[PDB]
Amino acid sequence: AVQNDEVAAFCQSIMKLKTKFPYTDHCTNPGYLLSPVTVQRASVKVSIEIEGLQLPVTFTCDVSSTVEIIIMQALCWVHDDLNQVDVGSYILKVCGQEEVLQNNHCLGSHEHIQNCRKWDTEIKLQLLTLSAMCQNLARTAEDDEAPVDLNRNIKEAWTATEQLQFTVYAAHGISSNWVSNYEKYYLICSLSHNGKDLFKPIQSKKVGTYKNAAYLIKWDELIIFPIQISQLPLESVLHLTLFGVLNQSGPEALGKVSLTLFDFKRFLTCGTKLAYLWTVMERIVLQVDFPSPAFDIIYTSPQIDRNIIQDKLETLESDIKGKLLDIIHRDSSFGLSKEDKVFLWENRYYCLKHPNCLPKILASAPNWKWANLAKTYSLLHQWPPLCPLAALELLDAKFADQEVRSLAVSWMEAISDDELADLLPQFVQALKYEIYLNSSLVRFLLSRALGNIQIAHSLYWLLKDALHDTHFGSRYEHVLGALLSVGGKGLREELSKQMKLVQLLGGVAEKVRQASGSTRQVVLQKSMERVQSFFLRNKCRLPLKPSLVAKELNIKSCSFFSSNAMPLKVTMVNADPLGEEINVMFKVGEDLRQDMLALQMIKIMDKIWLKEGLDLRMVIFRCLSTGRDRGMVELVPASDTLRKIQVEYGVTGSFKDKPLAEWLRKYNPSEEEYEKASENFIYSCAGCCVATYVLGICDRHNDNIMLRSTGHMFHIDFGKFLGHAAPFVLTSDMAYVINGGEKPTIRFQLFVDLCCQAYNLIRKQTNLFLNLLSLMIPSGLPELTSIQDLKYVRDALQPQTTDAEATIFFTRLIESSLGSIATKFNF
């Protein structure tokens, strides 16, 4: 009955958000995907199709020049004098791909450009105007005008002395497999804020089902906490963990319930409140009765302190300033001893010069008591703006305060769509630490989605994948409903076709696995015919890369890889005849979400390196979980497992060093071509080695390691992630490729330099990797479950030590990985 009120006011806020994104604004409503930029620290051939020219124009562009000047370098090839064409109208799309280049960005800073250079493929763009560039996704006047629908006494609280108490009445609708399995049941009640218990939990008494009511458990027990309303922060949560002692022939948790002690309008919970814990998907109703005074108790925030605290200061230098600087320059807040905490908290007004340390300060607060909020808030308002990545820590569970979080979101406005897009999973998890449906965060994400179609696309797939969390399933239903609503008729119809495609592909995969031995191909062709029927009545965009528009299935290219998963090779025809055909893997019966995380962490190491001008030539491939234990995976062309290389070589010749080199000589015959390709191997192997050690991917064998024909090395099956007890292994044929001989060369010295440089550049961002892995804890991936799992990664990243002693540390890992051939080299 406030739940309906809360939703109603959300919708009101979301209508008001929409008014800032009118259909007419091409900036915020372009109707097309933007080709992604990743800002980079020389020259290239671009081929541009031009309307009314039989041949496309090919010329050299300074990779450093802006798409804007390139657009008319290309009008200068057809037009001798360009006053009689409006350059503004013209845009540049990638051939085959309904994605448009960003005028005010470098050519070199586009993902599509960096990728072509890496693979040495033809950059193929199309010159065209806004009028002729597909806009089927654009929002309409109807969409903007349309409504938002989804899928008296006053005591203040600081004066309220009433002790927090409530009666756990009953649970209703317990299944009959429960009434057999367990005799008695019991609730563990837990009171928390900032993700931590305020008091030790209180157990209810142990009670069986009520007389003549096998669907009902009745406790009718008053529970009293040793705390009064005054002492409860606004974001205080109640957690009733229902448990069940097994009948003869340790009681198991049967479900959890969340209950905010205040509601969205700051009023304390009064009266009877119902919550729903889910077990299949069957709905049990828990009745908690809170007191009903004649009066409403409302949380009021303290009186604001306007004092501005600078100018004259103690400026003591007894090494106390040095110790403060030491903890300011500490990698992170992780491991920070209670002593380091009080020290910071006192010299906090001296730290005002180093904005990105605020998280250490807030985590070193003595408490979040009403009294002390006034001085913590004063600081926050005079505090300088934080880097968006630094602010991310302030949306973790640790900081539940609504002013901290809302201010973290204001600093984050600074971030580019292009960087947020690779950070969306973390942001979708953080939504579990907003106790209220409306919040600065969900408005920030919904407003970014309105303004940028890649972000709306990715939010879609990530919210759908969060619906499956039984505890937060309802929160995410309302966030999804608001996104789908505010996205328009255009966006939703493509997302429906996209949903429809993945479901059919999943059906096909299930049936192919069910089919046994021969006739598996015949089953694939028969099941694929329904997808053939689906494309006959629909053009559809590819979920993995919605820039690609499939129109048709190519059945004779459609295949199944030979594996326990039996993944399918889905080949599709591009709807643009300027395009190349579409190849993806659809895999069923593996939870891809962890594969997705490995990839993201690798991609962020890439970006960190590119930032500092280090290019390790990394293969960056996409993976999307479409539901639970299924999704679509990018296929890398002209690549093969290490195993398969060694096997092929084993048939002719018995030299262990020769196989990788012989495979690369076959696809790169010229000495220059072989050199270019072994150098791609040096660089990409180095990135792979660093990534393997930091992320703890210790599972690397001849099957997990892949090799593109161009020389680039990469990993595919991230089965073991953050693994505990040489973390990477360099075989003798890997060594041969880097040396380019069986004796060592300065190419091996280039390999170690690259490993160490790249390693230090990741250690300088230790705090980003920790925040990005903590924010994924609530996601329920098996080997990322506690704040201990992070410590292994921090341990691997060795942050106390200089770049000098880290370089010695990693160089010793390389000596160790070489195993027995290590003796051939000099360290």
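Quick note: we count residues from 1 along the sequence shown, nothing fancier. For the two forms, the rigid core is made up of the largest set of C-alpha atoms that agree within 1.5 Å on superposition.
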Legend entry - Between 515 to 523 and 661 to 669, the one whose CA atoms sit farther away in 5 other deposited structures of this protein (rigid core aligned): 515 to 523
Inset, instruction - Would you mind working out which of 80 to 88 and 364 to 372 sits farther from this form in 5 other deposited structures of this protein by RMS C-alpha distance, with the rigid core as the fit? - result: 80 to 88
Legend entry - Other entries omitting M281, at least a third: yes
Legend entry - Unmodelled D606 in at least one third of other entries with both flanks present: no
Legend entry - Unresolved deposited residues in the interval that joins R41 and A42: 4 to 9
Inset, instruction - Using none, 1 to 3, 4 to 9 or 10 or more, say how many deposited residues go missing between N151 and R152. - result: 10 or more
Legend entry - Which of 159 to 167 and 644 to 652 has higher mean CA B factor, as the PDB entry lists it: 644 to 652
Legend entry - Higher-B stretch (mean Cα B-factor, as the entry records it), 135 to 143 or 422 to 430: 135 to 143
Inset, instruction - In terms of CA temperature factor as recorded, identify the highest of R622, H381, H239, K93. - result: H381
Inset, instruction - Can you pull the Cα B-factors for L261, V729, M412, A482 from the entry and say which is highest? - result: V729
Inset, instruction - For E742, return the chain-relative third of its C-alpha B-factor as stated in the PDB record: lowest, middle or highest. - result: highest
Inset, instruction - Using the B-factors in the PDB entry, rank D795's C-alpha atom against the chain and give the third, lowest, middle or highest. - result: middle
Legend entry - Chain third (lowest, middle, highest) by recorded CA B-factor, residue given as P30: middle
Inset, instruction - Grab the CA temperature factor for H329 from the record and place it in the lowest, middle or highest third of its chain. - result: highest
Legend entry - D120 CA temperature factor, ranked by third within the chain: middle
